[PDB]
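Report on the following structure.
Note that we place each Cβ from the backbone using ideal geometry, even for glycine, and neighbour counts take in every protein chain shown. The numbers here are math on the coordinates, done by the rules we state, and not lab data.
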Amino acid sequence: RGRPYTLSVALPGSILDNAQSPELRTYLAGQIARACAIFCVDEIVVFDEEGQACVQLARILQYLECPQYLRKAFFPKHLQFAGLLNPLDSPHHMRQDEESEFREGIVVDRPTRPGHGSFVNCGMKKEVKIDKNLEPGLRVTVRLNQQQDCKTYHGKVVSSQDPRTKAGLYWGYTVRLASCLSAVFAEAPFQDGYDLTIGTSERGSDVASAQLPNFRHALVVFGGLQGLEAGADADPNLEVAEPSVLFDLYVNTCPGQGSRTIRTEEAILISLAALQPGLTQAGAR
Amino acid sequence: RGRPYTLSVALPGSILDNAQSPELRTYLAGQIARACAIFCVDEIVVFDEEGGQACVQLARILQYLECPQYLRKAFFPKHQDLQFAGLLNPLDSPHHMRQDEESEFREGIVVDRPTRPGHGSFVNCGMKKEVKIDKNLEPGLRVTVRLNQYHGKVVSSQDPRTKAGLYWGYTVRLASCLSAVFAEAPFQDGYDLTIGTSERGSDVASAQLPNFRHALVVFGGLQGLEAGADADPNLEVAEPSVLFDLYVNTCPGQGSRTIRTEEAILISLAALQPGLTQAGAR
Ligand SMILES: Nc1ncnc2c1ncn2[C@@H]1O[C@H](CSCC[C@H](N)C(=O)O)[C@@H](O)[C@H]1O
Ligand SMILES: Nc1ncnc2c1ncn2[C@@H]1O[C@H](CSCC[C@H](N)C(=O)O)[C@@H](O)[C@H]1O
């Protein structure tokens with residue numbers, strides 16, 4: 001039932017600068033968030049391929065990922081427009097009425113006696129009581145007890161990776177800022193790093209011909225208006241050459257494209273669709 | 001060399017009504033045009049899923065974007081539906097070339113220049129000079145011209161594709177209902193492969209596409225293909241799958257509750273691309 005692999009996507013913040021209005025800038029950020037949610041992307045890495053655009057993108061991505069009942073707690077907000085344009089509707093974004101094995105919550109600032117556990121706002125009709133003693137303001141994943149007229153529901157804090165790794169549920173993404181293209185690779189949140197890296201380009205090899213190797217943590221990387229060339233050339237930590245040398249695979253995911261250029265946000269949907277069968281097979285236990 | 005098959009996409013004009021501003025409405029139309037151009041779609045069918053304004057606005061934006069830039073003044077007077085065209089992303093298709101670019105074919109408009117029966121016509125093909133052709137044609141007609149390898153020959157508009165393998169844009173068709181998508185196909189034998197899309201469809205990974213000549217991929221709007229099927233008095237079906245050769249979910253295990261039509265076109269045409277390419281080949 002569980003999914004043992006992760007999928008990360010990297011792209012440059014600069015793509016917001018190419019948007020033609022403030023409204024379209026915000027919509028574009030939403031397009032990115034939605035593409036990643038649709039394809040059950042676990043991490044979005046926003047890199048500086050050269051600042052403002054990177055930070056604005058990352059913040060919108062985080063806001064959209066956050067369950068609605070937690071947003072006012074984590075975001076000074078009103079971002080509200082971005083959320084209206086492109087809601088994720090992901091499995092952790094359930095309504096108060098819906099039954100769920102897991103829920104995201106925030107530990108509430110309640111005066112408690114040491115050792116007596118904590119109270120969590122999981123967006124339910126009642127607070128959830130947990131045995132772990134945690135600081136108010138932390139975001140946690142709670143597994144609700146199967147057996148529950150008490151003042152609270154009861155649950156236990158579990159790893160935020162449990163819904164995916166144990167139940168096969170998509171549970172949103174984390175957003176990482178990277179100061180350059182080398183940092184996309186170097187500052188992976190996995191000890192082992194990304195063991196399968198895939199770059200994308202019209203100059204890549206045919207995606208249809210590639211055999212994806214078995215993997216645990218995949219990374220798919222996208223460029224902006226000037227391709228992965230911009231990021232590669234700007235970073236002194238990286239080999240000076242065409243970008244294909246920086247990846248395990250470097251693929252064209254739309255053979256015979258009928259437009260001269262495919263935009264980053266279009267390419268993420270096309271590429272993740274093209275790679276989905278392969279990633280599913282190669283990532284399986 | 002040539003590509004012997006066509007690919008048509010159908011969707012409801014009603015999706016423009018779900019856009020949250022006038023500017024986003026125009027932007028969304030452009031998203032449809034670009035998704036179709038990227039995938040070398042030859043025809044976009046805009047249908048009325050209620051069984052008029054959204055459909056006409058979508059159709060007009062699609063046609064405007066398809067038209068080579070040097071012919072837009074001739075074919076597109078200023079209109080309210082195109083007031084936000086500046087926010088559109090150009091298609092940058094093969095027939096959208098600059099004046100300096102060498103090309104085997106160019107689109108043109110026959111122009112009013114002195115001629116006599118039998119002495120042919122002149123065509124504005126966007127080149128430095130108007131192009132002389134041997135065929136007598138009325139001014140104002142759009143034609144495909146094969147340049148002599150400033151003289152050319154008017155050829156079938158399907159030659160760039162069928163002979164040279166070039167994507168050459170799309171035609172736009174309005175359909176008054178879902179059944180008309182099928183019934184008013186511009187091909188004599190109709191669409192011989194029809195593919196509907198839905199989260200309730202069978203897994204696209206198991207689909208086996210039969211050899212085909214004219215493929216059709218159909219998308220619903222906010223309420224799915226159920227809406228158009230239900231609203232059309234020419235159909236009396238329980239659910240939409242029986243209208244199609246294949247009825248497919250193209251994004252297994254999707255991580256959002258709903259995939260919007262414009263997202264789904266990109267995902268589904270990507271998912272089907274290997275299959276379509278293989279099954280349509282000579
Ligand atoms: N055919 C294709 N296959 C895979 N990815 C593509 C693609 N076309 C565009 N992309 C993705 O979309 C991004 C923006 S398009 C970049 C265009 C640039 N002229 C260049 O030389 O690459 C690219 O960096 C790549 O990540
Ligand atoms: N998983 C999926 N596979 C294929 N097409 C999909 C899809 N999800 C959405 N679509 C396409 O996008 C359109 C808009 S989404 C429609 C959702 C509607 N609640 C319904 O019951 O269908 C659909 O009509 C379909 O053409």
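For B:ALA183, the criteria (1) among the aliphatic types (A, V, I, L, M); (2) surrounded by fewer than 19 Cβ atoms within 10 Å (Cβ to Cβ); (3) within 15 Å of ligand 2 (Cβ to nearest atom) hold in every case but one, which is (3). Cβ-Cβ contacts under 6 Å between residues 6 or more apart (or on different chains), taken from a first residue in the stretch A:170-191 that is basic (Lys, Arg) to a second residue that is part of a strand (DSSP E or B) and surrounded by 18 or more Cβ atoms within 10 Å (Cβ to Cβ), are listed as A:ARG176/A:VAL45. Applying the set (1) crowded, with 22+ Cβ neighbours inside 10 Å; (2) within 14 Å of ligand 2 (Cβ to nearest atom) to B:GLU199 leaves exactly one unmet item: (1). Out of B:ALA215, B:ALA281, B:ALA264, B:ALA227, one residue alone is surrounded by fewer than 18 Cβ atoms within 10 Å (Cβ to Cβ), of a type in the set (A, V, I, L, M) and more than 16 Å from ligand 1 (Cβ to nearest atom). It is B:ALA281. For the stretch A:230-252, the candidate set comprises residues that are within 21 Å of A:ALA274 (Cβ to Cβ) and not hydroxyl-bearing (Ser, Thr, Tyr); within that set, the residue that is nearest to ligand 1 (Cβ to nearest atom) is A:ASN252.
Within the stretch B:229-244, not a single residue is more than 9 Å from ligand 2 (Cβ to nearest atom), among the small types (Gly, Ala, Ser) and within 14 Å of another protein chain (Cβ to nearest Cβ).
I want to confirm something. Restricting to the stretch A:11-66 and keeping residues that are of a type in the set (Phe, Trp, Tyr) and under 24 Å from A:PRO163 (Cα atoms), which single residue is surrounded by the fewest Cβ atoms within 10 Å (Cβ to Cβ)? I'd like the intermediate steps shown before the answer.
Here is the first cut: in the stretch A:11-66, the residues of a type in the set (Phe, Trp, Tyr) are A:27, A:39, A:47, A:63.
Now restrict to residues that are under 24 Å from A:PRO163 (Cα atoms): A:39, A:63.
Numbers: A:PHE39: 25, A:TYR63: 20.
Checked the stretch A:11-66; the qualifying residue surrounded by the fewest Cβ atoms within 10 Å (Cβ to Cβ) is A:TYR63.
Counting only strands (runs of 3 or more DSSP E) wholly contained in the stretch A:133-205, the ones carrying 1 or more residues that are of a type in the set (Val, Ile, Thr) and more than 18 Å from the chain's Cα centre (by Cα) occupy A:139-144, A:153-158.
Residues of the stretch A:258-277 being more than 7 Å from every other protein chain (Cβ to nearest Cβ), within 16 Å of A:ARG203 (Cβ to Cβ) and in contact with a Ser or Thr (Cβ under 8 Å, 6 or more places away or on another chain), which ones? Selection gives A:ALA267, A:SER271. Close contacts from the stretch A:90-117, counting a first residue that is of a type in the set (A, V, I, L, M, F, W, C) and a second that is exposed (fewer than 10 other Cβ atoms within 10 Å of the Cβ) and part of a loop (DSSP other than H, G, I, E, B), with Cβ to Cβ under 8 Å and a gap of 6+ residues or different chains, come to A:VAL107/A:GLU135.
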